[PDB]
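Peer 1: Input file: upload39.cif. Contents: mmCIF, N, CA and C atoms.
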data_final
loop_
_atom_site.label_atom_id
_atom_site.label_comp_id
_atom_site.auth_asym_id
_atom_site.auth_seq_id
_atom_site.Cartn_x
_atom_site.Cartn_y
_atom_site.Cartn_z
N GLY A 685 -4.05 -7.22 -7.57
CA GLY A 685 -4.12 -6.45 -6.30
C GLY A 685 -5.46 -5.78 -6.09
N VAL A 686 -6.36 -6.46 -5.40
CA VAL A 686 -7.69 -5.93 -5.13
C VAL A 686 -7.63 -4.74 -4.18
N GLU A 687 -6.61 -4.74 -3.33
CA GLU A 687 -6.42 -3.67 -2.36
C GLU A 687 -6.09 -2.36 -3.08
N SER A 688 -5.05 -2.42 -3.89
CA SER A 688 -4.60 -1.26 -4.65
C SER A 688 -5.58 -0.93 -5.77
N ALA A 689 -6.32 -1.93 -6.23
CA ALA A 689 -7.29 -1.74 -7.30
C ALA A 689 -8.24 -0.58 -6.99
N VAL A 690 -8.95 -0.67 -5.87
CA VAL A 690 -9.88 0.38 -5.48
C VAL A 690 -9.15 1.71 -5.36
N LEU A 691 -8.01 1.68 -4.69
CA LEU A 691 -7.19 2.86 -4.48
C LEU A 691 -6.79 3.51 -5.80
N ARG A 692 -6.47 2.69 -6.79
CA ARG A 692 -6.06 3.18 -8.10
C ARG A 692 -4.80 4.03 -8.01
N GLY A 693 -3.87 3.66 -7.13
CA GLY A 693 -2.64 4.42 -6.99
C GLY A 693 -1.72 3.91 -5.90
N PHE A 694 -1.87 2.65 -5.51
CA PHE A 694 -1.03 2.06 -4.47
C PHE A 694 -0.54 0.67 -4.88
N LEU A 695 0.32 0.10 -4.04
CA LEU A 695 0.87 -1.23 -4.29
C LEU A 695 0.40 -2.21 -3.23
N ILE A 696 0.53 -3.50 -3.50
CA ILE A 696 0.10 -4.52 -2.56
C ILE A 696 1.23 -4.90 -1.60
N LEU A 697 1.16 -4.39 -0.38
CA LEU A 697 2.16 -4.68 0.64
C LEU A 697 1.75 -5.92 1.42
N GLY A 698 1.12 -5.74 2.57
CA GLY A 698 0.68 -6.88 3.35
C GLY A 698 0.22 -6.54 4.75
N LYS A 699 -0.04 -7.58 5.54
CA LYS A 699 -0.48 -7.42 6.92
C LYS A 699 0.69 -7.60 7.88
N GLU A 700 1.60 -6.64 7.83
CA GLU A 700 2.79 -6.66 8.67
C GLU A 700 3.29 -5.25 8.88
N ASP A 701 4.50 -5.13 9.40
CA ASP A 701 5.08 -3.81 9.61
C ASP A 701 4.15 -2.95 10.46
N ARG A 702 3.62 -3.56 11.51
CA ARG A 702 2.71 -2.87 12.42
C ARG A 702 3.43 -1.73 13.13
N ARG A 703 4.75 -1.66 12.94
CA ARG A 703 5.56 -0.61 13.55
C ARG A 703 5.03 0.76 13.14
N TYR A 704 4.32 0.81 12.02
CA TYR A 704 3.75 2.06 11.52
C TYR A 704 2.61 2.52 12.42
N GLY A 705 1.82 1.56 12.89
CA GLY A 705 0.69 1.85 13.75
C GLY A 705 -0.15 3.04 13.28
N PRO A 706 -0.57 3.07 12.00
CA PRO A 706 -1.39 4.15 11.47
C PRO A 706 -2.88 3.84 11.56
N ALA A 707 -3.32 2.84 10.81
CA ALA A 707 -4.72 2.44 10.82
C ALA A 707 -5.65 3.59 10.44
N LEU A 708 -5.24 4.38 9.45
CA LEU A 708 -6.05 5.51 9.00
C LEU A 708 -6.98 5.10 7.87
N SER A 709 -7.57 6.10 7.21
CA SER A 709 -8.50 5.85 6.11
C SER A 709 -7.84 6.13 4.77
N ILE A 710 -8.51 5.73 3.69
CA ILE A 710 -8.00 5.93 2.34
C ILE A 710 -7.95 7.41 1.98
N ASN A 711 -8.99 8.13 2.37
CA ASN A 711 -9.07 9.55 2.09
C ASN A 711 -7.82 10.27 2.60
N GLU A 712 -7.12 9.62 3.52
CA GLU A 712 -5.90 10.17 4.10
C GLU A 712 -4.68 9.58 3.41
N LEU A 713 -4.87 8.39 2.85
CA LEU A 713 -3.82 7.68 2.13
C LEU A 713 -3.18 8.55 1.05
N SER A 714 -3.97 9.45 0.47
CA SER A 714 -3.48 10.33 -0.58
C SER A 714 -2.52 11.38 -0.02
N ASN A 715 -2.65 11.67 1.27
CA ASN A 715 -1.78 12.65 1.92
C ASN A 715 -0.45 12.02 2.31
N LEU A 716 -0.36 10.70 2.17
CA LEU A 716 0.85 9.96 2.49
C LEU A 716 2.03 10.43 1.65
N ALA A 717 3.21 9.91 1.96
CA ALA A 717 4.42 10.26 1.23
C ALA A 717 4.89 9.06 0.40
N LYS A 718 5.38 9.33 -0.80
CA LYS A 718 5.85 8.26 -1.68
C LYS A 718 6.96 7.44 -1.03
N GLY A 719 7.09 6.19 -1.46
CA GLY A 719 8.11 5.32 -0.91
C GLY A 719 7.77 4.85 0.49
N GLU A 720 6.65 5.34 1.01
CA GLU A 720 6.20 4.98 2.35
C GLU A 720 4.99 4.05 2.30
N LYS A 721 4.63 3.51 3.46
CA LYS A 721 3.49 2.61 3.56
C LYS A 721 2.50 3.09 4.60
N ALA A 722 1.40 2.36 4.74
CA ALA A 722 0.37 2.71 5.71
C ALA A 722 -0.69 1.62 5.81
N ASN A 723 -0.95 1.17 7.04
CA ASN A 723 -1.92 0.11 7.28
C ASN A 723 -3.36 0.59 7.13
N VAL A 724 -4.05 0.03 6.15
CA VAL A 724 -5.44 0.36 5.89
C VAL A 724 -6.26 -0.91 5.68
N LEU A 725 -7.48 -0.91 6.20
CA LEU A 725 -8.35 -2.07 6.07
C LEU A 725 -8.91 -2.15 4.65
N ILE A 726 -9.10 -3.37 4.17
CA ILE A 726 -9.63 -3.59 2.83
C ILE A 726 -10.95 -4.35 2.88
N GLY A 727 -11.45 -4.58 4.09
CA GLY A 727 -12.70 -5.29 4.26
C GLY A 727 -13.19 -5.27 5.70
N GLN A 728 -12.73 -4.28 6.46
CA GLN A 728 -13.11 -4.13 7.86
C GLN A 728 -12.73 -5.38 8.66
N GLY A 729 -11.77 -6.14 8.14
CA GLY A 729 -11.33 -7.34 8.82
C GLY A 729 -9.87 -7.65 8.58
N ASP A 730 -9.34 -7.19 7.45
CA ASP A 730 -7.94 -7.42 7.11
C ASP A 730 -7.16 -6.11 7.12
N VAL A 731 -6.22 -5.99 8.06
CA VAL A 731 -5.40 -4.80 8.17
C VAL A 731 -4.07 -4.98 7.44
N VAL A 732 -3.94 -4.31 6.30
CA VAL A 732 -2.72 -4.40 5.51
C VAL A 732 -2.29 -3.01 5.04
N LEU A 733 -0.98 -2.78 5.01
CA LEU A 733 -0.45 -1.49 4.58
C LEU A 733 -0.27 -1.45 3.08
N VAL A 734 -0.26 -0.24 2.53
CA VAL A 734 -0.08 -0.08 1.10
C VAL A 734 1.24 0.58 0.80
N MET A 735 1.64 0.51 -0.46
CA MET A 735 2.89 1.09 -0.90
C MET A 735 2.66 2.07 -2.03
N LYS A 736 2.96 3.33 -1.77
CA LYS A 736 2.77 4.38 -2.76
C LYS A 736 3.60 4.11 -4.02
N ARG A 737 3.52 5.03 -4.98
CA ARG A 737 4.25 4.90 -6.24
C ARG A 737 5.75 5.01 -6.01
N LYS A 738 6.51 4.37 -6.89
CA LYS A 738 7.96 4.42 -6.81
C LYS A 738 8.46 5.68 -7.51
N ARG A 739 7.54 6.35 -8.21
CA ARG A 739 7.85 7.57 -8.93
C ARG A 739 6.59 8.20 -9.50
N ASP A 740 6.04 7.58 -10.54
CA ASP A 740 4.83 8.09 -11.18
C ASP A 740 4.04 6.96 -11.85
N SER A 741 2.73 6.95 -11.62
CA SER A 741 1.86 5.93 -12.19
C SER A 741 0.40 6.31 -12.00
N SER A 742 -0.43 5.95 -12.98
CA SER A 742 -1.85 6.26 -12.92
C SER A 742 -2.57 5.39 -11.89
N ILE A 743 -2.32 4.09 -11.94
CA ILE A 743 -2.95 3.15 -11.01
C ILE A 743 -1.91 2.33 -10.27
N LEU A 744 -0.65 2.52 -10.65
CA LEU A 744 0.45 1.81 -10.02
C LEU A 744 0.35 0.31 -10.28
N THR A 745 1.14 -0.18 -11.24
CA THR A 745 1.14 -1.60 -11.58
C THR A 745 1.39 -2.46 -10.34
N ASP A 746 0.48 -3.39 -10.07
CA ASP A 746 0.60 -4.27 -8.91
C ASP A 746 0.07 -5.67 -9.21
N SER A 747 -0.04 -6.48 -8.15
CA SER A 747 -0.53 -7.85 -8.28
C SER A 747 -0.81 -8.44 -6.90
N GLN A 748 -1.89 -9.21 -6.81
CA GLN A 748 -2.28 -9.84 -5.55
C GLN A 748 -1.49 -11.11 -5.31
N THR A 749 -0.54 -11.40 -6.19
CA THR A 749 0.29 -12.59 -6.07
C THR A 749 1.25 -12.47 -4.89
N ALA A 750 1.49 -11.24 -4.46
CA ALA A 750 2.39 -10.98 -3.35
C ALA A 750 1.66 -10.27 -2.21
N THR A 751 1.18 -11.04 -1.24
CA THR A 751 0.46 -10.48 -0.11
C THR A 751 1.40 -10.19 1.05
N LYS A 752 2.49 -10.94 1.15
CA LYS A 752 3.46 -10.72 2.21
C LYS A 752 4.00 -9.30 2.12
N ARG A 753 4.35 -8.91 0.90
CA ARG A 753 4.86 -7.58 0.61
C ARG A 753 4.76 -7.30 -0.88
N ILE A 754 5.34 -6.19 -1.33
CA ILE A 754 5.29 -5.84 -2.74
C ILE A 754 6.40 -6.52 -3.53
N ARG A 755 6.29 -6.46 -4.85
CA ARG A 755 7.27 -7.08 -5.74
C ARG A 755 8.36 -6.09 -6.14
N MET A 756 8.48 -5.00 -5.39
CA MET A 756 9.48 -3.98 -5.67
C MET A 756 10.24 -3.60 -4.40
N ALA A 757 11.49 -3.17 -4.58
CA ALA A 757 12.33 -2.77 -3.46
C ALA A 757 12.55 -1.26 -3.45
N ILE A 758 12.20 -0.62 -2.33
CA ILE A 758 12.35 0.82 -2.20
C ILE A 758 13.49 1.16 -1.24
N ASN A 759 14.45 1.94 -1.72
CA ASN A 759 15.59 2.35 -0.91
C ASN A 759 15.89 3.83 -1.10
#
Translate this structure into structure tokens?

Peer 2:
Amino acid sequence: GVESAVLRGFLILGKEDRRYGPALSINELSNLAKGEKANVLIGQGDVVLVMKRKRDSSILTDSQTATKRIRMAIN
């Protein structure tokens, strides 16, 4: 997960769920709420939302193998 890599605390969601309509910056991503997502650019060209920690993690284990969404279910 190159997206979450830089962040060092998010998960790899994807370019969907535009229902959020955030499009904010990373500096604000930290103010987000756990279990929630937020669309942030990772190259000024790809708009994808991230997924906060499911509880607690230093860098939040992730993987770029799942771009559609994350490999975890939050309820």

Peer 1: Go through A:738, A:721, A:692, A:753 and flag the residue nearest residue 706 of chain A, using only C-alpha atoms for the distances.

Peer 2: A:721

Peer 1: On this structure, the PyMOL selection byres ((chain A and resi 748) around 8) would catch which residues? List them as a ChimeraX atom specification, sorted by chain and number.

Peer 2: /A:685-687,696,746-747,749-752

Peer 1: Need to verify the contact set: segment 710-716 of chain A, 8 Å, all atoms listed in the file, exclusion of same-chain residues closer than 6 positions in sequence. Can you return it as a short mmCIF file (atom, residue, chain, number, x, y, z; two decimals) with N, CA and C atoms, in the frame of the given file?

Peer 2:
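Result file follows (result-v6.cif):
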data_model
loop_
_atom_site.label_atom_id
_atom_site.label_comp_id
_atom_site.auth_asym_id
_atom_site.auth_seq_id
_atom_site.Cartn_x
_atom_site.Cartn_y
_atom_site.Cartn_z
N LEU A 691 -8.01 1.68 -4.69
CA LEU A 691 -7.19 2.86 -4.48
C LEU A 691 -6.79 3.51 -5.80
N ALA A 722 1.40 2.36 4.74
CA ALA A 722 0.37 2.71 5.71
C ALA A 722 -0.69 1.62 5.81
N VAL A 724 -4.05 0.03 6.15
CA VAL A 724 -5.44 0.36 5.89
C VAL A 724 -6.26 -0.91 5.68
N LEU A 725 -7.48 -0.91 6.20
CA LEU A 725 -8.35 -2.07 6.07
C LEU A 725 -8.91 -2.15 4.65
N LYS A 736 2.96 3.33 -1.77
CA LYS A 736 2.77 4.38 -2.76
C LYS A 736 3.60 4.11 -4.02
#

Peer 1: Report as a list in words the full result of the PyMOL selection byres (((chain A and resi 695 and name CA) around 7) and name CA) when it is applied to this structure.

Peer 2: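 Those residues are residues 688, 694, 696, 697, 734, 735, 736, 744, 746 and 754 of chain A.
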
Peer 1: Tell me, which residues of segment 718-747 of chain A carry DSSP strand (DSSP E), written as a ChimeraX atom specification?

Peer 2: /A:721-725,731-735

Peer 1: Quick one: pull the distance between atom N of residue 707 of chain A and atom N of residue 733 of chain A, Å, one decimal.

Peer 2: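 According to the coordinates, atom N of residue 707 of chain A and atom N of residue 733 of chain A are separated by 8.4 Å.
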
Peer 1: What parts of chain A does DSSP call helix (DSSP H, G or I)? I'd like the answer as a ChimeraX atom specification.

Peer 2: /A:686-691,702-704,710-713

Peer 1: Quote the spacing between atom CA of residue 759 of chain A and atom CA of residue 742 of chain A in Å to one decimal place.

Peer 2: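 Separation between atom CA of residue 759 of chain A and atom CA of residue 742 of chain A: 21.5 Å.
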
Peer 1: Tell me, in Å to one decimal, how far atom CA of residue 720 of chain A is from atom CA of residue 737 of chain A.

Peer 2: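 Separation between atom CA of residue 720 of chain A and atom CA of residue 737 of chain A: 8.8 Å.
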
Peer 1: Export N, CA and C atoms of segment 702-748 of chain A from the structure just given, as a CSV table (one decimal), in the first residue's frame?

Peer 2:
chain,number,residue,atom,x,y,z
A,702,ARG,N,-17.6,8.0,-3.5
A,702,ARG,CA,-17.5,9.4,-3.7
A,702,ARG,C,-18.6,10.1,-2.9
A,703,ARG,N,-19.5,9.3,-2.3
A,703,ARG,CA,-20.6,9.8,-1.4
A,703,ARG,C,-20.0,10.6,-0.3
A,704,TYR,N,-18.7,10.4,0.0
A,704,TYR,CA,-18.1,11.1,1.1
A,704,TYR,C,-17.8,12.6,0.7
A,705,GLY,N,-17.5,12.7,-0.6
A,705,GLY,CA,-17.2,14.1,-1.2
A,705,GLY,C,-16.3,14.9,-0.2
A,706,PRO,N,-15.2,14.4,0.3
A,706,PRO,CA,-14.3,15.2,1.1
A,706,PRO,C,-13.2,15.9,0.3
A,707,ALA,N,-12.3,15.1,-0.3
A,707,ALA,CA,-11.2,15.7,-1.1
A,707,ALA,C,-10.3,16.6,-0.3
A,708,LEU,N,-10.1,16.3,1.0
A,708,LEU,CA,-9.2,17.1,1.8
A,708,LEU,C,-7.8,16.7,1.7
A,709,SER,N,-7.0,17.2,2.7
A,709,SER,CA,-5.5,16.9,2.7
A,709,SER,C,-5.2,15.9,3.8
A,710,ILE,N,-3.9,15.4,3.7
A,710,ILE,CA,-3.5,14.5,4.7
A,710,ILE,C,-3.4,15.1,6.1
A,711,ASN,N,-2.9,16.3,6.1
A,711,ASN,CA,-2.7,17.0,7.4
A,711,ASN,C,-4.1,17.0,8.2
A,712,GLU,N,-5.1,16.8,7.4
A,712,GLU,CA,-6.5,16.8,8.0
A,712,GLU,C,-6.9,15.3,8.3
A,713,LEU,N,-6.3,14.4,7.5
A,713,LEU,CA,-6.6,13.0,7.6
A,713,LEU,C,-6.5,12.5,9.0
A,714,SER,N,-5.5,13.1,9.8
A,714,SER,CA,-5.3,12.7,11.2
A,714,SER,C,-6.5,13.1,12.1
A,715,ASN,N,-7.2,14.1,11.7
A,715,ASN,CA,-8.4,14.6,12.4
A,715,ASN,C,-9.6,13.7,12.2
A,716,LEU,N,-9.5,12.8,11.2
A,716,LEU,CA,-10.5,11.9,10.8
A,716,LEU,C,-10.9,11.0,12.0
A,717,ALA,N,-12.0,10.3,11.8
A,717,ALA,CA,-12.5,9.3,12.9
A,717,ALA,C,-12.2,7.9,12.5
A,718,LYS,N,-11.8,7.1,13.4
A,718,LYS,CA,-11.5,5.7,13.1
A,718,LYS,C,-12.7,5.0,12.5
A,719,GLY,N,-12.5,3.9,11.7
A,719,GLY,CA,-13.5,3.2,11.1
A,719,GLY,C,-14.2,3.9,9.9
A,720,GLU,N,-13.7,5.1,9.7
A,720,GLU,CA,-14.2,6.0,8.6
A,720,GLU,C,-13.2,6.1,7.5
A,721,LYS,N,-13.6,6.7,6.4
A,721,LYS,CA,-12.8,6.8,5.2
A,721,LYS,C,-12.7,8.3,4.8
A,722,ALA,N,-11.9,8.6,3.8
A,722,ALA,CA,-11.8,9.9,3.3
A,722,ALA,C,-11.0,10.0,2.0
A,723,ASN,N,-11.5,10.6,0.9
A,723,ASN,CA,-10.9,10.7,-0.4
A,723,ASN,C,-9.7,11.6,-0.4
A,724,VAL,N,-8.5,11.1,-0.6
A,724,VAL,CA,-7.3,11.9,-0.7
A,724,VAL,C,-6.5,11.5,-1.9
A,725,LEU,N,-5.9,12.5,-2.5
A,725,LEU,CA,-5.1,12.3,-3.7
A,725,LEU,C,-3.7,11.7,-3.3
A,726,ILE,N,-3.2,10.8,-4.1
A,726,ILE,CA,-1.9,10.2,-3.9
A,726,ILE,C,-0.9,10.5,-4.9
A,727,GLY,N,-1.3,11.4,-5.9
A,727,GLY,CA,-0.4,11.8,-6.9
A,727,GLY,C,-1.0,12.9,-7.8
A,728,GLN,N,-1.9,13.7,-7.2
A,728,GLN,CA,-2.5,14.8,-7.8
A,728,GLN,C,-3.2,14.3,-9.1
A,729,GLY,N,-3.6,13.1,-9.2
A,729,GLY,CA,-4.3,12.5,-10.3
A,729,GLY,C,-5.2,11.4,-10.0
A,730,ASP,N,-4.9,10.7,-8.9
A,730,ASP,CA,-5.7,9.6,-8.4
A,730,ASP,C,-6.4,9.9,-7.1
A,731,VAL,N,-7.7,10.0,-7.1
A,731,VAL,CA,-8.5,10.3,-6.0
A,731,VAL,C,-9.0,9.0,-5.3
A,732,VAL,N,-8.4,8.6,-4.2
A,732,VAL,CA,-8.8,7.4,-3.5
A,732,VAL,C,-9.0,7.7,-2.0
A,733,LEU,N,-9.9,7.1,-1.3
A,733,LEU,CA,-10.2,7.3,0.1
A,733,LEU,C,-9.3,6.3,0.9
A,734,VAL,N,-9.1,6.7,2.2
A,734,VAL,CA,-8.3,5.8,3.0
A,734,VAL,C,-9.1,5.3,4.1
A,735,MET,N,-8.6,4.3,4.8
A,735,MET,CA,-9.3,3.6,5.9
A,735,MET,C,-8.5,3.7,7.2
A,736,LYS,N,-9.0,4.4,8.2
A,736,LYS,CA,-8.2,4.5,9.4
A,736,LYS,C,-8.0,3.1,10.1
A,737,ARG,N,-7.4,3.1,11.3
A,737,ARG,CA,-7.1,1.9,12.0
A,737,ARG,C,-8.4,1.3,12.5
A,738,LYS,N,-8.4,-0.1,12.6
A,738,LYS,CA,-9.6,-0.8,13.1
A,738,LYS,C,-9.6,-0.8,14.6
A,739,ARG,N,-8.5,-0.3,15.2
A,739,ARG,CA,-8.3,-0.2,16.7
A,739,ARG,C,-7.0,0.6,17.0
A,740,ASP,N,-5.9,-0.1,16.8
A,740,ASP,CA,-4.6,0.5,17.1
A,740,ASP,C,-3.5,-0.1,16.3
A,741,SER,N,-2.6,0.7,15.7
A,741,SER,CA,-1.5,0.3,14.9
A,741,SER,C,-0.6,1.4,14.6
A,742,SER,N,0.7,1.1,14.5
A,742,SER,CA,1.7,2.1,14.2
A,742,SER,C,1.7,2.6,12.8
A,743,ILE,N,1.6,1.7,11.9
A,743,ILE,CA,1.5,2.1,10.4
A,743,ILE,C,0.3,1.5,9.8
A,744,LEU,N,-0.4,0.6,10.5
A,744,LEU,CA,-1.6,0.0,10.0
A,744,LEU,C,-1.3,-1.0,8.9
A,745,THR,N,-1.2,-2.3,9.2
A,745,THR,CA,-0.9,-3.3,8.2
A,745,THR,C,-1.8,-3.2,7.0
A,746,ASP,N,-1.2,-3.1,5.8
A,746,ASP,CA,-2.0,-2.9,4.6
A,746,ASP,C,-1.3,-3.6,3.4
A,747,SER,N,-1.9,-3.4,2.2
A,747,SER,CA,-1.3,-4.0,1.0
A,747,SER,C,-2.0,-3.4,-0.2
A,748,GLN,N,-1.2,-3.1,-1.3
A,748,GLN,CA,-1.7,-2.5,-2.5
A,748,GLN,C,-2.3,-3.6,-3.4
